[PDB]
Amino acid sequence: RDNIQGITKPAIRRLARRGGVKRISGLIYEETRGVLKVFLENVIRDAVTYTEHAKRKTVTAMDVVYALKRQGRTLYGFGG
Amino acid sequence: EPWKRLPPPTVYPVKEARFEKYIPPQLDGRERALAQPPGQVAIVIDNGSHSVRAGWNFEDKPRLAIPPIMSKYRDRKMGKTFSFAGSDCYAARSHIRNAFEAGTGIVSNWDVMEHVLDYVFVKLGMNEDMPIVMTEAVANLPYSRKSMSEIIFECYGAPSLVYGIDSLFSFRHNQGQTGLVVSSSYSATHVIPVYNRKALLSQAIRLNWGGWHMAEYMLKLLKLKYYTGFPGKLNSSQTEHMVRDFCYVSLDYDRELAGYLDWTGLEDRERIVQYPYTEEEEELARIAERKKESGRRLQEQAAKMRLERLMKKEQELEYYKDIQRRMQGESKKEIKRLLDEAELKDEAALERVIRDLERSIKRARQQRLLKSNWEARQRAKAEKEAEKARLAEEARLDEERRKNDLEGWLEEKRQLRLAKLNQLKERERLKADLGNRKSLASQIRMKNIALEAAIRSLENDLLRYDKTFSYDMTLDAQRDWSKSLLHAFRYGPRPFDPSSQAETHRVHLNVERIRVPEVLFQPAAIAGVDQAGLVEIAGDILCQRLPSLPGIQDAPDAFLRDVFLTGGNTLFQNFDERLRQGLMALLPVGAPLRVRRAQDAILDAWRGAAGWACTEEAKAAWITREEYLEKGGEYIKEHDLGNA
Amino acid sequence: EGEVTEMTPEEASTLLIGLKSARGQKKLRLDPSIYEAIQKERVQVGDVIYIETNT
Amino acid sequence: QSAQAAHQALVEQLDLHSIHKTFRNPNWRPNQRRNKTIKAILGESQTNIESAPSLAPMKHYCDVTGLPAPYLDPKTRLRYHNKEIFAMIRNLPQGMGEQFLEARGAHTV
Ligand SMILES: Nc1ncnc2c1ncn2[C@@H]1O[C@H](COP(=O)(O)OP(=O)(O)OP(=O)(O)O)[C@@H](O)[C@H]1O
Ligand SMILES: [Mg+2]
């Protein structure tokens with residue numbers, strides 16, 4: 001399945017443009033995919049524990065928000 | 001015992017390339033070069049990337065043997081420039097530049113080469129007119145030959161020049177007639193088939209490994225072995241002497257290698273190289289006083305803390321006891337609410353903290369207060385005495401259990417150790433699991449919201465009385481440096497201490513004694529060179545190429561009767577036998593393989609060109625200045641000892 | 001007894017096989033019968049084999 | 001001090017620059033671009049076709065101790081002898097793993 005390859009090179013380009021990056025080595029795209037997957041694993045792992053300890057099968061936005069704040073990366077807009 | 005039985009180590013000082021003496025110009029050679037018969041004199045120069053050798057063809061050994069290096073610099077405080085052009089470069093500022101491209105046989109810094117040639121002719125006493133024989137790389141590049149011959153004709157103006165291959169001059173000096181010439185030099189390793197004194201250079205092969213690469217690879221290895229930091233300055237000139245003095249070719253590599261770091265006899269397989277080093281009561285009483293006072297004060301703090309805990313926790317026990325008494329006295333409806341004064345729901349909970357308080361104190365008008373404080377000390381003293389009695393009673397039972405039931409008693413301690421080992425391994429695994437990911441705690445906390453001394457003691461008793469137990473079983477031995485491969489690799493059979501300046505600043509060679517030469521035989525495995533090994537190259541030539549070649553006759557058998565070894569980098573122990581036994585398996589059974597070493601395999605390549613220099617075969621190959629001015633510097637007279 | 005350095009079907013019956021020990025290599029001409037015995041066993045180049053020439 | 005004087009004497013005694021060369025023709029002067037590397041020479045020339053590859057399967061050796069290696073670590077791609085060396089290899093300073101590869105001409109990228 002390997003849906004990490006669905007994070008295409010242009011999508012990684014635009015994230016770098018918003019990051020203010022002018023020239024991108026062609027080796028960046030594989031390194032960025034590894035970075036993203038390592039991050040996104042950690043958040044979902046934490047979120048699923050809030051879901052299960054609330055005795056739910058559905059992971060909720062506040063499960064994600066608590067996982068993010070637990071990681072020090074507080075996200076506003078989805079809930080208090 | 002295992003190391004204390006060994007003698008003090010034999011250790012060899014580092015060796016490096018160094019300046020040794022002044023060589024005044026050898027004017028006697030210049031006079032003899034004029035007295036010798038007409039046309040029977042030449043300057044013979046061997047372009048060794050490790051050593052330029054130069055001298056007179058009519059002489060049996062060269063006058064010079066000089067590294068192809070220059071060092072030119074401005075002495076800023078004195079304004080004069082200096083330049084040096086051999087071992088006069090102290091290989092002391094060492095602005096050294098080398099004529100050759102590193103790891104190749106080809107000259108590339110012509111300013112350096114021109115300064116080396118300048119040094120040569122000065123030291124030969126040139127007062128200028130003399131023919132030059134110059135050795136050359138196999139398949140040497142045309143541009144490189146053009147540049148060298150331009151220097152010889154335009155700058156130095158010499159009358160005639162001839163180029164020949166150093167390995168083929170060496171073969172001729174050893175009565176070579178037909179054979180396989182195997183050269184290993186500084187730059188490279190070559191296999192040349194020679195048929196009827198003529199080299200079949202279209203069938204020559206190069207390995208791109210040689211004595212330079214061995215010194216470079218040995219340096220990479222020593223830097224990795226001591227990656228923690230070796231405090232001596234590791235240099236390629238030092239590893240070049242290490243590869244010479246200590247390396248040798250293995251007669252059977254894998255069976256020798258796999259046991260090389262095995263602990264017995266390692267002090268024989270290991271050789272130790274010493275880098276240079278330098279090494280260097282009232283305060284002792286004062287330190288001991290401070291240590292005594294600070295130690296006592298800490299014990300006073302612990303005793304005060306414990307004695308403080310004694311009164312508090314005993315009164316908390318009395319506090320819990322009075323809660324129990326009131327709980328037991330008052331109506332049953334009061335039980336939980338009264339025990340909630342002890343913040344606990346039931347005596348089944350309160351007994352837990354009661355026991356922990358009892359354990360802790362067990363483990364640990366003002367005259368009325370002082371007596372009450374004295375009572376707390378006395379109460380713990382009784383608990384201490386009862387604890388010691390309980391331990392002594394348990395010891396007395398274990399004594400009789402050991403004396404009567406020893407086999408069962410020891411089997412208990414073995415199984416207890418196994419349990420304690422499993423408990424420690426579970427605890428060690430837990431200590432690896434704990435903090436493997438910080439959020440482990442915060443994840444689990446939401447579920448709520450919404451051995452060392454024992455193992456040692458068991459081991460010590462088994463060492464005391466289980467005659468089948470032994471120290472190597474203990475976890476202590478399982479962590480001893482004496483049981484570690486990386487200590488043997490880096491430091492050998494002796495214990496090591498970083499306090500000794502003498503025992504730091506020494507390198508232990510070990511596996512690289514044999515691993516370094518074997519890159520010739522296993523290049524892609526040992527150093528990634530991605531080329532066929534020497535035995536596979538020589539086997540390809542003898543077995544695949546020469547029998548197919550149409551003009552040749554008696555192949556392989558004519559070439560196979562003389563596999564000839566040339567160049568300094570062949571001088572390893574067992575190099576010849578290793579090459580023989582490798583080829584022997586590739587050849588038809590009983591084939592008359594001989595492998596032979598050159599005499600004096602370094603200088604012998606020069607002696608061949610000196611002997612050859614003025615023969616009629618050579619003088620038919622000489623190019624004159626007036627030919628060069630028309631033909632240019634790339635053009636050469638093809639001859640049996642030179643390139644096409 | 002040797003490592004099979006070559007297996008060259010000669011006819012289309014005869015095989016030639018090359019065998020090598022640490023001490024040299026030898027070629028053998030194989031009758032189609034002993035060839036198919038060598039081929040009924042799963043011998044390939046790089047295998048080590050034992051042959052009895054007469055039996 | 002005599003040591004400085006003696007060294008100054010020896011460097012003057014060894015120097016070639018103080019020595020005039022009668023054989024050296026002054027009129028010829030080299031092209032300043034003449035120092036070229038093998039790649040430049042070969043690239044401009046486009047007989048050093050004497051190198052040879054190999055087809056046999058290579059043996060596996062421990063990148064640290066050089067002893068034979070049954071194991072290739074999937075993470076750092078160092079070859080290693082045993083569990084003791086695997087422990088070291090995973091504990092290496094982050095730059096060190098690429099040096100063990102590079103000692104056999106390998107690199108991770
Ligand atoms: N006894 C010895 N054992 C092993 N190696 C040695 C020994 N003596 C010298 N060497 C090494 O042999 C090399 C010298 O090789 P050789 O003299 O054949 O080369 P060269 O003519 O200078 O170079 P080239 O022909 O490649 O330009 C050096 O690396 C030196 O350290
Ligand atoms: Mg040479």
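Letters A, B, ... are given to chains in the order of the sequence lines, protein chains preceding strands, and every chain is numbered from 1.
Side-chain contact check for B/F121 versus B/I43: some heavy-atom pair is nearer than 4.5 Å. In this structure the side chain of B/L586 reaches within 4.5 angstrom of the side chain of B/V535, judged on heavy atoms. Contact check for D/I89 versus D/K75: no side-chain heavy atoms found under the 4.5 Å cut-off.
For B/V122, the parts sitting under 4.5 Å from any heavy atom of chain D are the backbone and the side chain alike. Residue contact with chain B, scored on non-hydrogen atoms closer than 4.5 Å, involves the backbone and the side chain of D/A103 alike. Neither the backbone nor the side chain of B/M113 comes within contact range of chain D, judged by heavy atoms closer than 4.5 Å. At a 4.5 Å heavy-atom cutoff, B/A644 makes no contact with chain D through either its backbone or its side chain. Only the side chain of D/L42 comes within contact range of chain B, judged by heavy atoms closer than 4.5 Å. Proximity to chain B is absent for every atom of D/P26, based on heavy atoms less than 4.5 angstrom apart. With a 4.5 angstrom heavy-atom cutoff, D/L16 touches chain B via backbone and side-chain atoms both. Heavy-atom distances place the side chain of B/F84, and not its backbone, under 4.5 Å from chain D.
Interface check for chain D: of the options B/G157, B/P523, B/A139, B/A85, the most heavy-atom pairs under 4.5 Å are formed by B/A139. With chain D as partner, the option from B/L201, B/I106, B/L485 having the largest number of non-hydrogen pairs under 4.5 angstrom is B/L485. With chain D as the partner, the residue from B/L141, B/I526, B/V138, B/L486 showing the most heavy-atom pairs under 4.5 Å is B/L486. Among the candidates D/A52, D/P53, D/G105, the residue making the largest number of heavy-atom pairs closer than 4.5 Å to chain B is D/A52. Note on B/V191, B/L261, B/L207, B/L117: by heavy-atom pairs under 4.5 Å with chain D, the leading option is B/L261.
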Anything under 3.5 Å between chain D and chain B that's a donor-acceptor pair? List each one with its distance, please.
residue: D/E12; atom: OE1; partner: B/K80; partner atom: NZ; Å: 2.9
residue: D/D15; atom: OD1; partner: B/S83; partner atom: N; Å: 2.9
residue: D/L16; atom: N; partner: B/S83; partner atom: O; Å: 3.1
residue: D/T22; atom: OG1; partner: B/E128; partner atom: O; Å: 2.7
residue: D/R24; atom: NE; partner: B/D118; partner atom: OD2; Å: 3.2
residue: D/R24; atom: NH1; partner: B/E114; partner atom: OE2; Å: 2.2
residue: D/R24; atom: NH2; partner: B/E114; partner atom: OE2; Å: 3.1
residue: D/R24; atom: NH2; partner: B/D118; partner atom: OD2; Å: 3.4
residue: D/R24; atom: NH2; partner: B/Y156; partner atom: OH; Å: 3.4
residue: D/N25; atom: N; partner: B/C155; partner atom: O; Å: 3.0
residue: D/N25; atom: ND2; partner: B/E154; partner atom: O; Å: 3.1
residue: D/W28; atom: NE1; partner: B/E150; partner atom: OE2; Å: 3.2
residue: D/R34; atom: O; partner: B/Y143; partner atom: OH; Å: 2.4
residue: D/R34; atom: NH1; partner: B/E114; partner atom: OE1; Å: 3.4
residue: D/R34; atom: NH2; partner: B/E114; partner atom: OE1; Å: 2.8
residue: D/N35; atom: OD1; partner: B/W110; partner atom: N; Å: 3.0
residue: D/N35; atom: ND2; partner: B/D111; partner atom: OD1; Å: 2.9
residue: D/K36; atom: O; partner: B/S108; partner atom: OG; Å: 2.9
residue: D/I38; atom: N; partner: B/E101; partner atom: OE1; Å: 3.1
residue: D/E50; atom: O; partner: B/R206; partner atom: N; Å: 2.7
residue: D/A52; atom: O; partner: B/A532; partner atom: N; Å: 2.9
residue: D/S54; atom: OG; partner: B/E536; partner atom: OE1; Å: 2.6
residue: D/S54; atom: OG; partner: B/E536; partner atom: OE2; Å: 3.4
residue: D/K59; atom: NZ; partner: B/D254; partner atom: OD1; Å: 2.5
residue: D/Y61; atom: OH; partner: B/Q522; partner atom: OE1; Å: 2.7
residue: D/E84; atom: OE1; partner: B/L485; partner atom: N; Å: 3.0
residue: D/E84; atom: OE2; partner: B/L485; partner atom: N; Å: 3.0
residue: D/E84; atom: OE2; partner: B/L486; partner atom: N; Å: 3.1

